[PDB]
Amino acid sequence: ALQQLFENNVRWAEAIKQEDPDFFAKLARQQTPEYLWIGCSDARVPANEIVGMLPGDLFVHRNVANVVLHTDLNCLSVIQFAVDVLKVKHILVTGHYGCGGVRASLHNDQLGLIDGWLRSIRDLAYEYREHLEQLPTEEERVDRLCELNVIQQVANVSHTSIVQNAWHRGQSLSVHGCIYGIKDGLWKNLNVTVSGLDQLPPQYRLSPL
C-alpha cells in the first residue's frame, strides 16, 4: 500500500506546523531558492537531506547519471527557469560514486532507451580509455568515470547560452562540481567551480545579444 507514505505525510506536515504553523503558508507566497541541484535519480542520493536543506531552499533536477545535454529541453528548462526566473546563485552538479548509469556506460549490455541517454558518458570513457585502463578494478574505473562525468557536466552547464547570458547581464552565478559517496554519506567538492566567462575556452564563448 501507499498508506505509510500518506501517513508519513500527514505526520510530517502536522509536526512542522507545530514548531511553526506559518511555515508552509509563508513559503507558498514565493519560491526563492538560491541553489539548483542537478544530480542522479538514484534513490540513495536525495538532494535536500544530503546538504540539510529545508523546503524552499533547493531547486532540483534529477536524471539518470546527472547528464546535461545541450538539446535536452527537460534539463535545460530547469536550468533556464532557475537562472532566468528564480535567479539562483549556484548550480550544484552532484554526481555520485557507484553510479549505475556510469557503470552501464563502461560495459556493453543494452539496457534499451537509456543506452542513448548514457552515450555522452560512453564518449567519456573512450576519451579517457588510456587513463581508465591504468586503474585496476572496475569499481575504480566506474568511480573515476563518475568524477570525470561530473566535471564534464559542469563544463556543459557553464557553456549554455542560459548561463553565459546570465553572466553577460551581470548576474552572479557559480557552477560547482561535487561528488556524493553512497558508501560514506559524504558530499565532496571536486573543486571545478566556474563563475564567469573568462574561464570558458574561446571556442565555447558566446557573444552577448
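Residue numbers run from 1 along the displayed sequence.
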- May I ask you to compare 102-110 and 127-135 by their mean CA B factor in the entry and name the higher one? 127-135
- For the C-alpha atoms alone, is the average B factor greater in 149-157 or in 62-70, going by the entry? 149-157
- Item | Third of the chain's Cα B-factor distribution that residue 56 belongs to, per the entry | middle
- Query: If you rank every modelled residue in this chain by C-alpha B factor, which third holds residue 39: lowest, middle or highest?
  - Reply: lowest
- Query: Ranked by Cα temperature factor within the chain, is residue 163 in the lowest third, the middle third or the highest third?
  - Reply: middle
- Query: Relative to the other modelled residues in the chain, which third contains the C-alpha temperature factor of residue 45: lowest, middle or highest?
  - Reply: lowest
